[PDB]
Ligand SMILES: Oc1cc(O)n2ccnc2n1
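First, one chain by itself in structure tokens, the form deposited without the ligand.
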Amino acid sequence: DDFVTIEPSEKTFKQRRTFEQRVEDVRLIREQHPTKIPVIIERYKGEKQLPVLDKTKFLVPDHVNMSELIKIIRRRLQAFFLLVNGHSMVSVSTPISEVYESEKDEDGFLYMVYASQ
């Protein structure tokens, strides 16, 4: 009745922050952490089996391959797909720095979604 629904989060990262805000975000973190890759990791739009994670923004050291990042997200989530830009599978031995070079967004973030296989 008189209860208020207090909650996050209707919108994704790109919907909650403007392009100019995201560009400056990436600039600052790359200037402060030059050897880390800024990764946005969100739940796939359709997903309902896997749970939502507390945090969506990750600083990933250059040399960590996708396999270790997948393991880290698996543990944080407590059949798993980590899809770059919402659709792309990458070889799990690719270092995150190489994924960044080829798949980074125009805003400078690297976007990934996780989803049940």
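The term rigid core refers to the most C-alpha atoms you can superpose between the two forms while keeping them within 1.5 Å. Heads up: residue numbers just count along the shown sequence, starting at 1. Residues that one form lacks are left out of the comparison.
Just so you know, the form deposited with the ligand bound exists too; it's not on screen, but the next bit is about it.
*Asks:* Applying a 4.5 Å heavy atom distance criterion, does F80 contact the ligand in the entry with it bound?
*Replies:* Yes, contact at 4.5 Å.
*Asks:* Is there any non-hydrogen atom of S88 lying within 4.5 Å of the ligand in the entry with it bound?
*Replies:* Yes - in the entry with it bound, heavy atoms of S88 and the ligand come within 4.5 Å of each other.
*Asks:* Who in 60 to 75 is close to the ligand in the entry with it bound, meaning a heavy atom within 4.5 Å?
*Replies:* Only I70 sits within 4.5 Å of the partner.
*Asks:* Does the distance between the two CA positions of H87 reach 2 Å or more between this form and the one not shown, the core being superposed?
*Replies:* Yes, the C-alpha moves 2 Å or more.
*Asks:* Superposing on the core, what residue ranges of at least 3 consecutive positions move by 2 angstroms or more in Cα between this form and the one not shown?
*Replies:* The segment that shifts (3 or more residues, C-alpha shift of 2 Å or more) is 86 to 90 alone.
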